[PDB]
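Student:
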Amino acid sequence: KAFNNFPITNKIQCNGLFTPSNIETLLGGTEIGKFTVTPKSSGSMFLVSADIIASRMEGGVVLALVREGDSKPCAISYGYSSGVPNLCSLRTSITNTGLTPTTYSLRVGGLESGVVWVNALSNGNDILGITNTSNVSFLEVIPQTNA
Amino acid sequence: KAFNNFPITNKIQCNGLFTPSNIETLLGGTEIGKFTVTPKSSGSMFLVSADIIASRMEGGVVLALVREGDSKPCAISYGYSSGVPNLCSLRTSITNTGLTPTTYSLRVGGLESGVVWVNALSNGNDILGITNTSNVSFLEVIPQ
Amino acid sequence: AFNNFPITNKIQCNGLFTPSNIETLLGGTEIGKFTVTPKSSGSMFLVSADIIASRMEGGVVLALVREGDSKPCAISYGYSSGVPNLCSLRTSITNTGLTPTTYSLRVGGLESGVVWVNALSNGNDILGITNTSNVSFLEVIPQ
Ligand SMILES: [K+]
């Protein structure tokens, strides 16, 4: 079937917040990447893993995956930073509805308040003075029919 | 080769602690899911990933995977929450014996003290006012 | 091909990661070495390191080094408040042949601080038992 990895090496200032008002809309957080994938197989799943290096002053990080054409996220996850960079992750298994190429958008933002930096320290400076890499991968798998 | 994903969306208050006296028993934590998988290949392994949204007042979260029929966990992992929700994960490779369906239970609880809420804020409220989703997946693979 | 490499020892990771050593081989403490051989050409390895780590309040750094290189090919970040927490590295590396290749995983403090792997910050067993961190290599064919 399919495997696709999408590295994200850009630094992103995510000043877009996630709130109870915007969480089920398209307005929450800040987009950090877009990814187009095509299932090879009927009846398959995409196992999606976003593993994002992020910093913020003490608080929560929200990640939201949006299928282009939908009006709200199809998966939402949560991370944390104390001030120092931490891996913030989203895992989901999406049931595929055909063989049409589909574009997903990943958005990142503070839980209710605060600015989140992706691939940087909490002030936007390079972590350890270098370029860092976050990753979003899509792995197509066939789920087992359980007897 | 078998694959299955098991979403978990209930808000669950995990009052069961993990302690040095219960960690090698079936009594630690609070069960948050139970899953039955069937290997298609003999001598395979399951790559298991539990990714659980959890909150607790400042402290450690423990995750334990228990194979039904065993007397203690076959895998143990650790997570953290400051009070705000955070993903707490267990990732392991588990050996399969034969082709019969096998049932696994996932337990979550505080490291030695504290209450852990799964899929909720530390007071049991909905995170961002919505239903939230945790996942446990099993991917069958042939080891080298 | 799938290969899993469990790491069970209690390891004091006293080697720091600093701006001066991050792009060298000198950062961190090696916690494991893994030799894998791609079965298919054009393939990638999906690498997942999930390491139980503790330190006094602060950042944990993880670096994967491929034998022959002068610096890490993947770097990730974790956190501990003083109690053990899973610190992870995820990456996809492109395979270049069908010959065995050796990788090294190093863990250390972000700029300062001792990190313990598979242990409390004083080197005691967590919950009084042996604990397990894992590094796996799953060979897959890309698009
Ligand atoms: K903290």
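Protein chains in written order, with this note's numbering: chain C, 68 to 214; chain P, 94 to 237; chain L, 93 to 235.
Every residue, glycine too, gets a C-beta built ideally from N, C-alpha and C.
Short of 8 Å Cβ to Cβ, which residues in the segment 104-128 of chain C face chain P?
Tutor: For the segment 104-128 of chain C, the beta-carbon criterion of a distance under 8 Å to any beta-carbon of chain P is satisfied by 112, 114, 125, 126 and 127.
Student: Does ligand 1 have even one heavy atom less than 8 Å from the beta-carbon of residue 149 of chain L?
Tutor: yes
Student: Step through the CB atoms of chain L and report whether any lies within less than 9 Å of the CB of residue 178 of chain P.
Tutor: No, residue 178 of chain P lies away from the interface with chain L (no Cβ there is under 9 Å from its Cβ).
Student: Show which residues of chain L have a CB atom less than 9 Å away from the CB atom of residue 204 of chain C.
Tutor: 138, 182 and 184
Student: Give the C-beta separation of residue 184 of chain P and residue 142 of chain L to the nearest angstrom, bearing in mind that I take them to be a contact with Cβ-Cβ under 8 Å.
Tutor: 4 Å
Student: Where does the unbroken beta strand (DSSP E) through residue 137 of chain C begin, and where does it stop?
Tutor: Run containing residue 137 of chain C: none; DSSP gives neither H nor E here.
Student: Following the continuous beta strand (DSSP E) through residue 193 of chain C, name the residue where it begins and the one where it ends.
Tutor: First-last for residue 193 of chain C: undefined, no H or E at that position.
Student: Work out the CA separation of residue 114 of chain P and residue 170 of chain C for me, nearest whole Å.
Tutor: 50 Å
Student: Cβ of residue 175 of chain P versus every heavy atom of ligand 1: is any distance shorter than 8 Å?
Tutor: yes
Student: Could you give the DSSP three-state label for residue 205 of chain P: helix, strand or coil?
Tutor: coil
Student: Specify whether the segment 105-120 of chain L and the segment 158-171 of chain L touch according to this definition: at least 3 beta carbon pairs, one from each stretch, less than 8 Å apart.
Tutor: yes
Student: Which whole-angstrom value is the C-beta distance of residue 179 of chain C and residue 223 of chain P, which I expect to be below 8 Å?
Tutor: Wrong, their Cβ atoms sit about 13 Å apart, outside the cutoff.
Student: Flag residue 190 of chain C as yes if its beta-carbon sits less than 9 Å from any beta-carbon of chain L, otherwise no.
Tutor: no
Student: With a threshold of 9 Å between beta-carbons, can residue 202 of chain L be considered close to chain C, or not?
Tutor: yes
Student: Can you tell me which residues form a DSSP beta bridge with residue 170 of chain L?
Tutor: L/152
Student: Report the option in P/207, P/186 and P/193 whose CA atom is closest to the CA atom of residue 153 of chain P.
Tutor: Taking residue 153 of chain P as reference, the option from P/207, P/186 and P/193 with the minimal CA-CA separation is P/207.
Student: Could you check what DSSP says for residue 111 of chain C in three-state terms: helix, strand or coil?
Tutor: Note: residue 111 of chain C maps to coil in three-state DSSP.
Student: So what does DSSP say about residue 115 of chain L, is it helix, strand or coil?
Tutor: In the three-state reduction of the DSSP assignment, residue 115 of chain L falls in the coil class.
Student: Looking at chain P, is there any beta carbon in it that lies within less than 9 Å of the beta carbon of residue 213 of chain C?
Tutor: yes
Student: Indicate the three-state DSSP secondary structure (helix, strand or coil) for residue 120 of chain C in the structure shown.
Tutor: strand
Student: Please tell me whether residue 236 of chain P has its Cβ less than 9 Å away from any Cβ of chain C.
Tutor: no
Student: Using 8 Å as the threshold, is the segment 127-136 of chain L in touch with the segment 184-191 of chain L, meaning 3 or more CB pairs across them?
Tutor: yes
Student: If you measure beta-carbon to beta-carbon, which residues of the segment 104-130 of chain P are closer than 8 Å to chain C?
Tutor: 129 and 130
Student: From the DSSP output, read off the bridge partner residues of residue 126 of chain P.
Tutor: P/199
Student: Quick one: list the residues of chain C neighbouring residue 223 of chain P, beta-carbon separation under 7 Å, in chain order.
Tutor: 90 and 91
Student: If you drop the 5 nearest sequence neighbours on each side, which residues of the same chain put their C-beta closer than 6 Å to that of residue 194 of chain P?
Tutor: 129 and 131
Student: Would you kindly work out how many angstroms separate the C-alpha atoms of residue 157 of chain P and residue 212 of chain C, rounded to a whole number?
Tutor: 26 Å
Student: Identify whether residue 234 of chain P lies in helix, strand or coil by the three-state DSSP scheme.
Tutor: strand
Student: Using 9 Å as the limit for Cβ to Cβ distance, is residue 187 of chain L near chain P?
Tutor: no
Student: Please identify, using Cβ separations under 8 Å, the residues of the segment 133-146 of chain C that lie next to chain P, in order along the chain.
Tutor: From the segment 133-146 of chain C, only 142, 143, 144, 145 and 146 have a Cβ closer than 8 Å to chain P.
Student: Does the beta carbon of residue 174 of chain P come closer than 9 Å to any beta carbon on chain C?
Tutor: yes
Student: What residues of chain C sit near residue 195 of chain P, judged by a beta carbon separation below 7 Å?
Tutor: Here the premise fails: no neighbours, minimum Cβ distance about 12 Å.
Student: Nearest by alpha-carbon distance to residue 173 of chain L: which of P/147, P/217 and P/151 is it?
Tutor: Here the closest residue by C-alpha is P/151.
Student: Residues of chain C with CB closer than 9 Å to the CB of residue 102 of chain P, please, in chain order.
Tutor: Within chain C, no residue comes near residue 102 of chain P; the closest Cβ sits about 11 Å away, beyond 9 Å.
Student: Report the option in L/106, L/211 and L/93 whose CA atom is closest to the CA atom of residue 100 of chain L.
Tutor: L/211
Student: Residue 95 of chain P touches chain C at which residues, Cβ-Cβ below 8 Å?
Tutor: 211
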